[PDB]
Amino acid sequence: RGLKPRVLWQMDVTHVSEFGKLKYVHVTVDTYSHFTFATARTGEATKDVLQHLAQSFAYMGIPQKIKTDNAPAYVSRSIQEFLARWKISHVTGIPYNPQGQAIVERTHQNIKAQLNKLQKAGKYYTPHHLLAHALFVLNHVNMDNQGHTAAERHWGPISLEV
């Protein structure tokens, strides 16, 4: 499935207070597969967002469209120039539009629910390891009513992660 462009992604930053200086959890979710890539970062400025976006492409493929909030980090010249490199349409979308971010919002909640189980583990591991564990459960262990994981829905037989 990774041999074709993806359609729409939502991306947003949520805060995980328990991660301290790494509280800025950037989240990318594919709205078809619900496959999710998240990173714990030291900020949520344009530079941090672009790093996360680049890593998202490596991990998940390339969308035709990405929807974000219209915070300054997302509407900078740097952002527009960046997405154009992959010919990605940026939709900051419209206010009063919960359905333009509902999936990424549920995804934040799902991630935080997994992270809540890992507070004991947080004594011995960094946020990067905890987040990775949480994502592995969400992407590769949880199954939908048809018995498929988000990774199966996203990749089929073969992952093309770079």
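Residues numbered from 1 in each chain as written, not as in the entry; some residues may be left out. Heavy atoms only, no water.

Draft legend 1. A look at the packing of helix α1 (residues 46-60) against helix α2 (residues 77-84). With their axes 10 Å apart at the nearest point, α1 and α2 run at an angle of 15° to one another. When the axes of α1 and α2 are compared, the pair comes out roughly parallel. In terms of crossing hand, the pair formed by α1 and α2 is right-handed. In this structure, α1 uses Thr-46, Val-49, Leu-50, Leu-53, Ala-54 and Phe-57 to contact α2, whose residues at the interface are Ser-78, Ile-79, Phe-82 and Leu-83. Tallied by class, the residues present in the contact of α1 with α2 amount to eight nonpolar, two polar and no charged. (Axes fitted to C-alpha atoms, helices over the stretch in contact; angles between N-to-C directions. Helix = DSSP H or I, 4+ residues; strand = E, 2+ residues; numbered from the N terminus. Parallel < 35°, antiparallel > 145°, perpendicular 65-115°, else oblique. Left-handed = near helix turned anticlockwise from the far one by under 90°. Contact = heavy atoms within 4.5 Å. Nonpolar A, V, L, I, M, F, W, Y, C, P; charged D, E, K, R; others polar.)

Draft legend 2. Spatial organisation of the layout of surface pockets. Its volume calculated, the largest pocket comes out at about 340 Å³. Together, 17 residues line the largest pocket, and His-34, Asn-110, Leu-138, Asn-142 and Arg-153 are the ones closest to its centre. Elements represented by at least two residues in the lining of the largest pocket include exactly α3 (102-116), α4 (127-141) and α5 (150-155). In terms of residue count, the dominant contributor to the lining of the largest pocket is α3 (six residues). Here the residues of the lining of the largest pocket sort into five nonpolar, nine polar and three charged. If you add up the space inside the second largest pocket, you get close to 230 Å³. In terms of lining residues, the second largest pocket is bounded by 16 residues, among which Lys-67, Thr-68, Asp-69, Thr-92 and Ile-94 are the most central. By residue number, the principal contributor to the lining of the second largest pocket is strand β1 (residues 6-15), which donates three residues. Its residues assigned to classes, the lining of the second largest pocket shows five nonpolar, eight polar and three charged. (1 Å grid on protein atoms, 1.4 Å probe; cavity = no way out; pocket = protein on both sides within 12 Å on 5 of 7 lines; lining within 4 Å. Points joined across faces, edges and corners; volume = space filled by probe spheres on them.)

Draft legend 3. Up close: the sheet that holds strand β5 (residues 89-91). Reading across the sheet, the five strands line up as β3-β2-β1-β4-β5 and stay open at both edges, with mixed pairing between neighbours. What marks the edges here is a single partner per strand, and that holds for β3 (36-41) and β5. Here the average twist between neighbouring strands, direction ignored, is 20°. Docked against the sheet, α1 engages β1, β2 (24-30), β3 and β4 (63-67), running at close to 145° with respect to β3. (Pairing = 2+ DSSP bridges.)

Draft legend 4. The environment of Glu-105, seen in detail. Tracing the backbone through its elements, the reader meets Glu-105 in helix α3. By relative accessible area, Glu-105 is classed as partly exposed at 26%. Spatially, the C-alpha atoms of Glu-105 and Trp-9 are 13 Å apart, while their sequence positions differ by 96 residues. (Buried < 20%, exposed > 50% of the residue type's maximum accessible area, 1.4 Å probe, protein only.)

Draft legend 5. Geometry of the pattern of salt bridges. Under the definition given, this model contains one salt bridge. The shortest N-O distance in the salt bridge between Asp-144 and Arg-153 comes to 3.0 Å. (Salt bridge = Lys/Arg side-chain N within 4 Å of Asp/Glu carboxyl O.)

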